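Student:
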Amino acid sequence: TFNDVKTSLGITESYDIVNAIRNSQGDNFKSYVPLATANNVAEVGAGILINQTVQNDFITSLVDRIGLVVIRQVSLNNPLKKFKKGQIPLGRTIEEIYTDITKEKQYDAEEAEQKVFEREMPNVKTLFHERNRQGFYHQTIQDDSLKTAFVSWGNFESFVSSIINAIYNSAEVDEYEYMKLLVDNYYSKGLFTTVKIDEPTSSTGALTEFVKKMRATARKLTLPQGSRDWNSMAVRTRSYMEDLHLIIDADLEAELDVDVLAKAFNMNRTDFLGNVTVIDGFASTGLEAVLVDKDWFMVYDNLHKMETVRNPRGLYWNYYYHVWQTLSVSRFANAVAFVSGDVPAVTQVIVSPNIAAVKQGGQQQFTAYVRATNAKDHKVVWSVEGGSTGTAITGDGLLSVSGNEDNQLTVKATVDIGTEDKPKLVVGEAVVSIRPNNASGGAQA
Amino acid sequence: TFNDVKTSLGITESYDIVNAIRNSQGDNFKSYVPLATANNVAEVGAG
Amino acid sequence: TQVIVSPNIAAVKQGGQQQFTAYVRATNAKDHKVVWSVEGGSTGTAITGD
Amino acid sequence: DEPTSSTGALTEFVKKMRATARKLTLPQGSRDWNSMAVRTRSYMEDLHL
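Residue numbers (the entry's author numbering), protein chains in the order written: chain A, 4 to 448; chain B, 4 to 50; chain C, 350 to 399; chain D, 201 to 249.
#1: Can you give me the Cβ contacts of residue 317 of chain A inside the same chain, cut-off strictly under 8 Å, excluding the 5 residues immediately before and after it?
#2: Give the DSSP-derived three-state secondary structure of residue 389 of chain C in the structure shown.
#3: What whole-angstrom Cβ distance do residue 387 of chain A and residue 373 of chain A have, given they're in contact under 8 Å?
#4: Could you have a look at residue 63 of chain A and say whether DSSP puts it in helix, strand or coil?
#5: Can you tell me which of A:217, A:241, A:235 puts its alpha carbon nearest to the alpha carbon of residue 256 of chain A?
#6: Measure the alpha-carbon distance for residue 214 of chain A versus residue 193 of chain A and round it to whole angstroms.
#7: Over the uninterrupted beta strand (DSSP E) stretch that includes residue 131 of chain A, give me the two end residues.
#8: To the nearest whole angstrom, what separates the beta carbons of residue 1 of chain A and residue 416 of chain A, a pair I think is in contact under 8 Å?
#9: Here's the rule I'm using: 16 or more other beta-carbon atoms within 10 Å means buried, otherwise exposed. How should residue 367 of chain A be labelled?
#10: Taking the alpha-carbon of residue 199 of chain A as reference, which of A:394, A:205, A:346 has the nearest alpha-carbon?
#11: Can residue 282 of chain A and residue 5 of chain B be called in contact, C-beta distance under 9 Å?
#12: Count the other C-beta atoms from every protein chain shown that fall within 10 angstroms of the C-beta of residue 48 of chain A, then say buried if there are 16 or more, exposed otherwise.
#13: Since residue 421 of chain A meets chain D, which of its residues come closer than 7 Å, beta carbon to beta carbon?
#14: Quick one: Cα of residue 115 of chain A to Cα of residue 375 of chain A, how far?
#15: Any chance the segment 393-402 of chain A sits against the segment 28-43 of chain B, with 3 or more Cβ pairs inside 8 Å?
#16: Could you have a look at residue 397 of chain A and say whether DSSP puts it in helix, strand or coil?
#17: Leaving aside the five residues before and after residue 324 of chain A along the sequence, list all residues of the same chain whose C-beta is less than 7 Å from its C-beta, in chain order.
#18: Taking Cβ positions only, does residue 387 of chain C come closer than 9 Å to chain B?
#19: CA-CA distance, residue 19 of chain A and residue 311 of chain A?
#20: For residue 203 of chain A, which residues of its own chain have a beta-carbon under 6 Å away from its beta-carbon, when the five flanking residues on both sides are left out?
#21: Alpha carbon to alpha carbon, what distance is there between residue 292 of chain A and residue 13 of chain B?
#22: Rounded to the nearest angstrom, what separates residue 328 of chain A and residue 167 of chain A at their Cα positions?
#23: Closest to residue 128 of chain A by C-alpha separation, out of A:343, A:225, A:355, would be which residue?
#24: Among A:124, A:64, A:118, which has the Cα closest to the Cα of residue 105 of chain A?
#25: Starting from the C-beta of residue 436 of chain A, find all residues in its chain whose C-beta is less than 6 Å away, skip the five residues before and the five after it, and write them out in chain order.
#26: Can a CB atom of chain A be found closer than 9 Å to the CB of residue 376 of chain C?
#27: Whether or not the segment 65-75 of chain A and the segment 145-163 of chain A are in contact is what I'm after, with contact meaning three or more pairs of Cβ atoms, one per stretch, closer than 8 Å; do they touch?
#28: Could you pull the start and end residues of the beta strand (DSSP E) that residue 438 of chain A belongs to?
#29: Within 10 angstroms of the Cβ of residue 62 of chain A, are there 16 or more other Cβ atoms? Answer buried if so, exposed if not.
#30: Which residue comes first and which comes last in the alpha helix (DSSP H) that contains residue 258 of chain A?
#31: Check the Cβ-Cβ distances between residue 162 of chain A and every residue of chain B, and say whether any is below 9 Å.
#32: Which bits of chain D does residue 208 of chain A rub up against, with CB to CB less than 7 Å?
#33: Could you give the residue range of the beta strand (DSSP E) that holds residue 305 of chain A?
#34: Listing by chain order, which chain C residues have their CB less than 8 Å from the CB of residue 31 of chain B?
#35: What residues of chain C sit near residue 27 of chain B, judged by a beta carbon separation below 8 Å?
#36: Count the other CB atoms within 10 Å of the CB of residue 275 of chain A; is the residue buried (16 or more) or exposed (fewer)?
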């Protein structure tokens with residue numbers, strides 16, 4: 004129920020093909036001069052958004068009657084469906100437990116007199132994955148009002164069927180797009196091990212600058228001694244190379260395919276290591292591709308219910324499609340971020356046991372790993388939040404819980420990238436609670 | 004024994020992907036606006 | 350090169366409201382501010398941005 | 201030179217190692233290539249790059 008529709012609705016003519024040029028050429032547009040109806044094509048040839056009742060040219064008061072209705076229809080799919088680990092019935096959280104290595108002690112027999120029953124607890128990280136996604140898809144099909152817009156049985160079932168697949172494409176796209184958030188989340192949080200690829204410190208000849216880095220760092224994830232510096236928990240894990248999946252920009256696969264794979268007499272020496280999955284590219288700035296284990300994804304299903312209900316007063320159906328999922332990310336798995344643009348110096352600081360239960364008057368050793376791009380060796384300042392005058396931490400992160408506290412402490416590892424500004428602090432944190440001590444009361448000395 | 008804590012524990016982040024999603028109607032992030040539960044994926048999902 | 354305001358056609362009830370969204374075609378690696386506007390309304394009938 | 205510098209410094213590094221591995225695994229070994237200047241020799245299956 005419209006009027007005054009201009010036919011140039013969303014049109015920003017960068018140049019008017021006719022009046023700026025074709026009438027006035029003397030130039031490259033000369034091949035359109037021998038066409039005579041080029042102005043009728045330049046008016047309505049790019050599609051018309053809003054229909055208009057156009058009268059017939061010879062007989063006015065005859066309407067010009069739409070005479071072919073095609074119905075476009077596409078099916079979308081999640082390429083990342085193979086990163087799902089099945090269904091969780093009966094439960095909400097997931098417990099992910101990882102014991103890692105310990106530090107060797109020097110053999111000393113003199114100190115061994117008092118330390119036979121000394122108790123040194125393991126280094127255990129735990130990780131919890133809550134059910135995140137709980138959403139549904141809503142879709143009405145008024146079966147009776149749509150019979151207006153069709154005159155063919157056959158276009159009516161080819162339009163009702165598309166609204167069916169409109170649900171099944173909507174669900175599968177957000178299933179693609181939620182899992183693509185988890186990469187852009189994890190990078191925003193600083194949790195990706197940043198590796199630059201587009202900083203070629205060499206001379207000219209850096210066409211394979213990214214291939215040499217994405218085949219070295221792919222190999223570094225699989226050394227049998229493991230490494231500390233590819234997790235976001237700083238634990239000594241390892242990949243087995245058959246589980247290394249590489250989610251890559253489509254811009255970047257052609258950089259490989261053209262600059263490297265053609266002119267490669269032996270392509271096995273220059274393919275990317277591990278399984279390659281092309282996406283369109285990530286939302287994050289400068290992030291080109293991401294190499295991960297198969298264990299890095301903690302994606303789980305809970306529901307897939309299609310329900311429906313009929314309205315007798317509105318003569319319609321609602322369709323509800325509930326997808327409940329557990330969309331999560333293992334911080335224990337290696338996950339390398341191949342980035343291009345300019346990055347911070349320090350992306351993450353990892354304080355080591357992450358949680359503690361230290362008795363009043365007790366003490367606790369802390370360690371801060373520093374996830375740093377180019378290794379300026381940033382100095383670490385330890386700090387305690389929520390204490391009293393007593394509780395302080397000093398030097399190489401040694402907490403001294405006072406006898407006079409009961410407060411849940413926050414132990415910080417402050418790294419300053421910044422300068423005379425509102426500077427750039429990279430603060431990692433841990434949480435210490437406090438057991439009470441009957442520490443004999445009163446005063447001393 | 005732990006009685007009150009935030010869930011963004013330790014995380015020092017470059018850009019915040021709640022203000023990256025909502026406060027960029029421009030580009031690079033409009034694919035994440037039609038998500039309904041994007042808060043409990045972006046502020047939990049790391050673990 | 351183009352700004353695509355997405356639904357392109359609304360039949361909004363008098364009093365009711367409607368959600369619009371605009372796709373900006375950046376041909377470069379930047380982000381460009383969108384300013385929403387409603388012309389031809391009564392006193393009232395505003396678009397809030399966004 | 202430095203085996204990140206150019207693709208010539210990569211190649212020359214590939215030249216010097218196939219040279220050296222041949223010099224090691226010549227029979228009639230050298231008093232070069234060890235720290236006692238013992239006239240020893242080595243085998244190809246024994247070399248570990």
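Note that beta-carbon positions come from the ideal geometry of N, C-alpha and C, so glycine has one too.
Tutor: According to the data block:
#1: Here residue 317 of chain A refers to the residue found at position 314 of the first sequence. Counting only Cβ-Cβ distances below 8 Å, and skipping sequence neighbours, we find 145.
#2: Taking the first residue of the third sequence as position 1, residue 389 of chain C is located at position 40. Coil.
#3: Looking up residue 387 of chain A in the first sequence gives position 384. Looking up residue 373 of chain A in the first sequence gives position 370. About 19 Å; that fails the 8 Å criterion.
#4: Within the first sequence, the letter at position 60 stands for residue 63 of chain A. If DSSP states are grouped into helix, strand and coil, residue 63 of chain A belongs with coil.
#5: On the first sequence, position 253 is the one that residue 256 of chain A refers to. Checking every option, the nearest Cα to that of residue 256 of chain A belongs to A:217.
#6: Numbered from its first residue, the first sequence carries residue 214 of chain A at position 211. Numbered from its first residue, the first sequence carries residue 193 of chain A at position 190. Distance between the alpha carbons of residue 214 of chain A and residue 193 of chain A is about 24 Å.
#7: Sequence index remark: in the first sequence, residue 131 of chain A carries index 128 (1-based). Element bounds for residue 131 of chain A: 127-132.
#8: There is simply no residue 1 of chain A to check, as chain A begins at 4 and stops at 448 in what is shown.
#9: Your numbering for residue 367 of chain A matches position 364 in the first sequence. Its Cβ being crowded by 16 or more others within 10 Å, residue 367 of chain A is buried.
#10: On the first sequence, residue 199 of chain A is found 196 positions in, with the first residue counted as 1. Of the candidates A:394, A:205, A:346, the one whose C-alpha sits nearest the C-alpha of residue 199 of chain A is A:346.
#11: Locating residue 282 of chain A in the first sequence gives position 279, counting from the first residue. Locating residue 5 of chain B in the second sequence gives position 2, counting from the first residue. Result no, Cβ atoms of residue 282 of chain A and residue 5 of chain B do not sit closer than 9 Å.
#12: For the purposes of this step, residue 48 of chain A is taken as the residue at position 45 of the first sequence. Looking at its Cβ environment, which holds fewer than 16 other Cβ atoms inside 10 Å, residue 48 of chain A is exposed.
#13: Residue mapping note: residue 421 of chain A aligns to position 418 of the first sequence, counting from 1. The premise fails here: residue 421 of chain A is roughly 31 Å from chain D at the closest Cβ pair, so nothing lies under 7 Å.
#14: As a working note, residue 115 of chain A is residue 112 in the first sequence. As a working note, residue 375 of chain A is residue 372 in the first sequence. If I take the Cα positions, the gap works out to 38 Å.
#15: no
#16: Translated into the one-based positions of the first sequence, residue 397 of chain A becomes position 394. Note: residue 397 of chain A maps to strand in three-state DSSP.
#17: Position 321 of the first sequence, counting from 1, holds the residue named residue 324 of chain A. Counting only Cβ-Cβ distances below 7 Å, and skipping sequence neighbours, we find 139, 140, 170, 174, 309.
#18: In the third sequence, the residue the question calls residue 387 of chain C occupies position 38. It does not; no Cβ of chain B falls within 9 Å.
#19: One-based indexing of the first sequence puts residue 19 of chain A at position 16. One-based indexing of the first sequence puts residue 311 of chain A at position 308. Answer to the nearest angstrom: the Cα atoms are 51 Å apart.
#20: As a first step, residue 203 of chain A must be located in the first sequence, where it is residue number 200. The answer, listed in chain order, is 209, 212.
#21: Working through the second sequence from its first residue, we reach residue 13 of chain B at position 10. Working through the first sequence from its first residue, we reach residue 292 of chain A at position 289. Near 25 Å, if we compare the C-alpha coordinates of residue 292 of chain A and residue 13 of chain B.
#22: Working through the first sequence from its first residue, we reach residue 328 of chain A at position 325. Working through the first sequence from its first residue, we reach residue 167 of chain A at position 164. Taking the straight line from one Cα to the other gives about 22 Å.
#23: The count along the first sequence starts at 1 and reaches residue 128 of chain A at position 125. Measuring from the Cα of residue 128 of chain A, the nearest candidate turns out to be A:355.
#24: Looking up residue 105 of chain A in the first sequence gives position 102. Checking every option, the nearest Cα to that of residue 105 of chain A belongs to A:124.
#25: Your numbering for residue 436 of chain A matches position 433 in the first sequence. For residue 436 of chain A, where only same-chain residues beyond five positions count, the Cβ hits under 6 Å are 360, 411.
#26: To locate residue 376 of chain C, count along the third sequence from 1; it is residue 27. It does not: the Cβ of residue 376 of chain C has no partner Cβ on chain A nearer than 9 Å.
#27: yes
#28: On the first sequence, residue 438 of chain A is found 435 positions in, with the first residue counted as 1. From DSSP, the beta strand (DSSP E) with residue 438 of chain A extends over 428-438.
#29: As a first step, residue 62 of chain A must be located in the first sequence, where it is residue number 59. Classification for residue 62 of chain A: exposed.
#30: Locating residue 258 of chain A in the first sequence gives position 255, counting from the first residue. First-last of the alpha helix (DSSP H) with residue 258 of chain A: 253-259.
#31: Looking up residue 162 of chain A in the first sequence gives position 159. With 9 Å as the cut-off, residue 162 of chain A does not count as an interface residue toward chain B.
#32: Counting from one through the first sequence, the residue named residue 208 of chain A turns up at place 205. Within 7 Å Cβ-Cβ: 206, 207.
#33: By one-based count along the first sequence, residue 305 of chain A stands at place 302. Looking at the DSSP string, the run of the beta strand (DSSP E) that includes residue 305 of chain A is 302-314.
#34: Stepping through the second sequence from its first residue, residue 31 of chain B is reached at position 28. Neighbours of residue 31 of chain B on chain C, chain order: 380.
#35: Locating residue 27 of chain B in the second sequence gives position 24, counting from the first residue. 380, listed in chain order.
#36: For the purposes of this step, residue 275 of chain A is identified with residue 272 of the first sequence, where counting begins at 1. Buried is the call here.
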